[PDB]
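Just below is one structure, and these are the notes that go with it.
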Amino acid sequence: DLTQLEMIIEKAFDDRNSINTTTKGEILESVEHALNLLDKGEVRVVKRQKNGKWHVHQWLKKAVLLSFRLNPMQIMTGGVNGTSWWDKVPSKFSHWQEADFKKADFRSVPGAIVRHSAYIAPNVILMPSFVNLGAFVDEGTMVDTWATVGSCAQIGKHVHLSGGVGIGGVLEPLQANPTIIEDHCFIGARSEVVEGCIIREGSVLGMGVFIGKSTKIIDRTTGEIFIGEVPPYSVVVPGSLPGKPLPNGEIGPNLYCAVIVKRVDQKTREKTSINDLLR
Amino acid sequence: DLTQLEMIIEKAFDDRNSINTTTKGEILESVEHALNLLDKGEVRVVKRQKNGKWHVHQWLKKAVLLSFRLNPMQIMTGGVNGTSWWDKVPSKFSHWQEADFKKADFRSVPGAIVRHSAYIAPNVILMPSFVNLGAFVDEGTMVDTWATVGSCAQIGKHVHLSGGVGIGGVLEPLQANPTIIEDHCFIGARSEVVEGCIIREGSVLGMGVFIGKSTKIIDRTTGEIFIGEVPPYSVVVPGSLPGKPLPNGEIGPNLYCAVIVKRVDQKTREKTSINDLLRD
Amino acid sequence: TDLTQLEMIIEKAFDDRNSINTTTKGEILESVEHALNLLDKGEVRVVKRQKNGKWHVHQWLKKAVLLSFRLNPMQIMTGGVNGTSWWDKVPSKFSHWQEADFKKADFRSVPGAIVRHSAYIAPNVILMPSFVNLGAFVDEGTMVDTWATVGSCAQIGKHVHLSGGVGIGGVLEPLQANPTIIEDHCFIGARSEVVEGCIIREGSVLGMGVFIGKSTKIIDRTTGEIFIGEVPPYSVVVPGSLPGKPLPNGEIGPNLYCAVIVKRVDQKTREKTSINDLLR
Ligand SMILES: [Cl-]
Ligand SMILES: [Cl-]
Ligand SMILES: [Cl-]
Ligand SMILES: [Cl-]
């Protein structure tokens with residue numbers, strides 16, 4: 001029953017300053033249990049509504065924040081020459097055996113790093129990469145080498161996160177939607193989507209696309225400006241817009257922006273290659 | 001030997017649907033032998049032609065593809081607090097001891113990750129980074145921190161792959177050339193070269209240069225446009241080209257492109273610093 | 001200890017560095033080891049800021065780092081996947097560190113973090129999976145986010161945020177060159193890169209994808225002043241581009257990348273306004 005669990009987390013978070021490494025009992029159990037529900041993908045930090053809008057369940061963010069006060073800093077073994085690390089967030093794979101990996105049915109390449117409470121769906125491929133607390137990585141998604149899925153981020157099904165891609169983490173403010181990459185998006189290498197922006201489903205981002213909360217996204221044919229959202233089935237590449245003249249009157253510098261070069265549909269995505277879409 | 005090895009692999013590749021983790025015998029031995037030849041650099045995914053063009057040895061890609069079918073997913077130890085990974089590609093350094101590292105004569109910094117079948121030449125420095133299956137990293141090359149040498153990529157001698165540089169992997173389609181970086185190239189930090197593009201020898205890429213299959217590469221002085229290839233001894237920086245206007249009457253956005261600002265030669269390259277070449 | 005005599009020995013040993021090797025022990029080894037422990041503890045640092053605000057290099061600490069390369073052999077370092085090894089000659093900072101050492105040092109080291117010995121990491125720093133190289137200085141309360149790199153001898157001021165994929169470029173030789181310096185309270189947005197000894201002055205905010213090297217043009221949008229290798233205090237910086245010369249065919253040429261200071265604020269504005277507003 002999620003209803004009771006949320007109630008405790010809401011009230012315990014209100015008294016969060018009294019929570020520490022000595023707190024046990026119902027508060028400790030509720031937070032832990034919630035992080036296991038997250039780790040399994042049974043709950044998620046944000047859920048998509050019928051309208052297509054995403055709504056945050058704040059008590060899950062509060063549970064993650066509360067886990068920082070509950071768990072102590074500890075020696076974590078496994079470093080070079082038998083040295084240690086010093087942290088208070090366990091790996092997702094703590095106590096995982098072959099049977100556990102067979103059940104989860106995803107591939108974790110040596111170098112992959114995943115914190116507990118992050119959900120990894122079946123048929124995902126984790127290259128050497130980092131997945132932070134509360135993230136959700138759905139069916140068949142590729143997380144390529146040195147990619148980062150930040151806290152609470154949502155990665156949809158059959159997403160390709162290319163090498164060096166950063167999906168920015170979003171914990172506070174509590175009301176903020178985390179960064180969201182919807183189903184069937186291609187995120188080109190070195191791209192970055194942060195600060196709770198959403199890439200609507202079927203979109204294709206070329207290499208070097210940066211999308212933050214205050215990034216101008218312009219449809220090259222329409223003239224429309226989007227903030228924090230890329231509409232469905234968009235092909236997006238990096239560009240620049242003119243700036244204000246310099247104080248001496250000389251032509252001003254251009255400023256970076258994201259450029260929507262195509263808006264397609266589902267049939268176009270299934271029929272046309274990524275490279276053709278970007279050409 | 002090589003003729004018969006190629007034949008065994010290609011016959012098995014045509015029968016790849018009947019191949020799985022229970023397949024042993026000559027097919028297993030041939031695939032393992034082919035990947036060991038790749039690992040020591042005795043064969044490589046590509047051959048340079050007389051034309052100056054590179055073509056793929058498709059049977060070697062087939063060996064790599066078969067090894068996915070032959071090897072089981074398994075526990076691989078060494079994670080934090082004794083946790084494991086779950087993969088079916090062994091490390092290049094499996095069973096390597098001091099003597100293996102001394103014979104190989106390259107430097108492997110803790111954090112470096114190299115899968116078996118990747119060739120790493122003498123005097124290479126692997127900072128924390130990742131080198132994928134079938135890659136070739138030639139003599140004296142620097143692989144800097146969080147760089148990636150993708151599957152089958154060919155990196156020439158005395159190349160500097162700066163921090164966070166990605167050389168994109170190319171396995172299928174079988175006929176597609178991998179990404180190639182020829183001798184004495186410098187690739188500045190955060191740059192990316194993917195999808196089988198080739199950076200010819202002695203070229204210098206500034207920071208943040210992206211080179212993909214459909215990237216316009218323009219010589220600013222010549223006006224010449226290149227696609228998928230940077231000509232020899234080019235100095236390349238990130239830039240932009242004008243776009244079409246919006247219907248509302250506003251000028252359209254510029255779009256990213258790669259800009260050749262200089263084309264030099266071996267003598268110019270050897271005497272002049274990277275920063276001077278990029279300064280103008 | 002007496003720093004003056006230690007400097008004298010390091011200086012003399014470096015003049016005869018060709019006679020220094022992996023067999024060398026005695027006073028020279030102890031002196032180099034001591035200086036790197038001083039570097040690791042932050043009791044000494046590769047550069048110190050002067051009264052005028054200029055940074056001055058302590059060349060003898062660079063010489064000590066260089067000598068430790070000659071003193072220590074290439075060796076097996078354990079901890080790789082499936083019990084495999086690395087092959088390097090620089091010890092981890094965390095060699096022999098226990099809970100008491102971590103509790104005393106009072107910073108947080110997340111599994112995946114990599115730090116070489118001689119790098120100082122101050123209290124309340126958070127090291128995500130990342131790399132900190134020799135002689136670096138990471139001051140109080142700084143966040144080093146995932147796949148960031150703090151290059152050799154780099155100086156990171158207090159309460160700096162190095163976002164994901166940020167590169168702070170290393171500077172060892174030339175001995176006289178100042179390393180890369182990031183002053184107090186700076187924000188460095190994701191995928192940004194600052195290399196080749198550039199300095200970002202106190203309180204500045206760099207957007208995503210900002211690359212600053214020695215030869216990157218930085219233009220002040222508000223004054224029009226052009227800076228090279230230095231960003232003034234409390235600058236807001238984003239990536240941009242400047243126009244080029246026409247092509248020989250008569251068409252407009254490509255733009256070339258540059259860094260743009262779009263606003264310059266102060267300490268009070270910085271404390272009151274969020275990073276996101278500063279970038280709008
Ligand atoms: Cl753990
Ligand atoms: Cl296949
Ligand atoms: Cl292995
Ligand atoms: Cl060590």
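All residue names refer to the structure tokens as shown: chains lettered A, B, ... in order, residues numbered from 1 in each chain, ligands numbered from 1 in order.
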- Starting from chain B, keep only residues with some atom at most 8 Å from an atom of chain C, counting only C-alpha atoms, and report them as a PyMOL selection string. chain B and resi 76-80+91+93-98+101+107-112+128+145-146+163-164+189-190+207-208+220-223+237-242+259+275-276+278-279
- Item | Within-10 Å residues of ligand 1, basis only C-alpha atoms and all ligand atoms, as a ChimeraX atom specification | /A:75-78,87-96,114-116 /B:79-83 /C:111
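The space between atom CA of residue A:34 and atom CA of residue A:150 spans 18.6 Å.
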- Write out as a ChimeraX atom specification the residues lying within 9 Å of residue B:116, counting only C-alpha atoms and excluding same-chain residues fewer than 2 positions away. /B:35-36,38-39,89-94,114,118-119,132-134
- Task: Using only C-alpha atoms, determine which residues lie at most 6 Å from residue A:205, disregarding the query and same-chain residues fewer than 4 positions distant; provide the list as an MDAnalysis selection string.
- Result: chainID A and resid 186:188 235:236
Generate a file of the selected residues that holds N, CA, C and O atoms, formatted as a JSON list (two decimals), in the first residue's frame.
```
[["chain", "number", "residue", "atom", "x", "y", "z"],
["A", 186, "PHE", "N", 16.74, 9.36, -30.05],
["A", 186, "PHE", "CA", 18.16, 9.20, -30.29],
["A", 186, "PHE", "C", 18.85, 10.46, -29.78],
["A", 186, "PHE", "O", 18.54, 11.57, -30.23],
["A", 187, "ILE", "N", 19.78, 10.30, -28.86],
["A", 187, "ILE", "CA", 20.53, 11.41, -28.27],
["A", 187, "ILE", "C", 21.98, 11.27, -28.73],
["A", 187, "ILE", "O", 22.68, 10.34, -28.32],
["A", 188, "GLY", "N", 22.41, 12.18, -29.61],
["A", 188, "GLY", "CA", 23.72, 12.07, -30.22],
["A", 188, "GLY", "C", 24.84, 12.32, -29.23],
["A", 188, "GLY", "O", 24.64, 12.88, -28.16],
["A", 235, "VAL", "N", 13.79, 16.51, -35.19],
["A", 235, "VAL", "CA", 15.20, 16.35, -35.51],
["A", 235, "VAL", "C", 15.88, 17.66, -35.12],
["A", 235, "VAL", "O", 15.52, 18.72, -35.64],
["A", 236, "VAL", "N", 16.83, 17.58, -34.19],
["A", 236, "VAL", "CA", 17.39, 18.76, -33.54],
["A", 236, "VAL", "C", 18.91, 18.76, -33.70],
["A", 236, "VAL", "O", 19.57, 17.74, -33.44]]
```
- May I have all residues of stretch 40-201 of chain C that DSSP, computed from the backbone, assigns to strand (DSSP E), given as a ChimeraX atom specification? /C:47-49,55-57,75-78,85-88,108-109,113-115,120-121,126-127,130-132,137-138,143-144,148-150,155-156,161-162,167-168,181-182,187-188,193-194,199-200
- Message: Just want the 10 Å neighbourhood of residue C:24, counted on only C-alpha atoms, with same-chain residues fewer than 5 positions away dropped. Output as a PyMOL selection string.
- Response: chain C and resi 19+29+70-72
- Task: Identify all chain A residues at most 7 Å from chain C by counting only C-alpha atoms; ligands do not count. Present them as a ChimeraX atom specification.
- Result: /A:75,78-83,85-87,110,210,214,246-247,253-256
- Task: When you get a sec, could you note down which chain A residues fall within 8 Å of chain B, using only C-alpha atoms, as a ChimeraX atom specification?
- Result: /A:76-80,91,93-98,101,107-112,128,145-146,163-164,189-190,207-208,218,220-223,237-242,259,275,278-279
- Please identify all polymer residues within 7 Å of residue A:148, counting only C-alpha atoms, omitting same-chain residues fewer than 2 positions from it, and present them as a ChimeraX atom specification. /A:129-131,146,150,165-167
Restrict the selected residues to C-alpha atoms and save them as a compact mmCIF listing (two decimals), in the first residue's frame.
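To be explicit, this is the file written out as part28.txt:
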```txt
# COMPACT_ATOMS: atom_id res chain seq x y z
CA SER A 129 28.59 4.92 -17.37
CA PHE A 130 26.90 6.32 -14.27
CA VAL A 131 23.24 6.09 -13.26
CA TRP A 146 30.76 7.65 -20.27
CA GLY A 150 21.38 11.95 -13.40
CA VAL A 165 25.70 12.07 -23.18
CA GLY A 166 24.63 13.84 -20.03
CA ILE A 167 21.03 13.71 -18.80
```
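Atom CA of residue A:27 is found 29.5 Å from atom CA of residue A:180.
Counting only C-alpha atoms, residue B:124 has the following residues at most 10 Å away, ignoring those fewer than 3 positions along the same chain: residues 104, 105, 106, 107, 108, 120, 121, 127, 137, 138, 139, 140, 141, 142, 143, 157, 158, 159 and 160 of chain B.
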- Query: Taking the backbone alone, and naming residues the way the document does, which bits of stretch 6-221 of chain A are helix (DSSP H, G or I) by DSSP, as a ChimeraX atom specification?
  - Reply: /A:6-14,16-18,25-39,58-70,80-82,98-104
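Picture a line from atom CA of residue A:152 to atom CA of residue A:38; it runs 9.8 Å.
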- Query: Neighbours of ligand 2 within 7 Å, counting only C-alpha atoms and all ligand atoms, as an NGL selection string?
  - Reply: :B and (16 or 65-66)
- Return the single residue from A:84, A:144, A:260, A:234 that is closest to ligand 4, with distances computed using only C-alpha atoms and all ligand atoms. A:84
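In terms of minimum interatomic distance to residue A:191, A:211 ranks closest within A:64, A:170, A:211, A:227, counting only C-alpha atoms.
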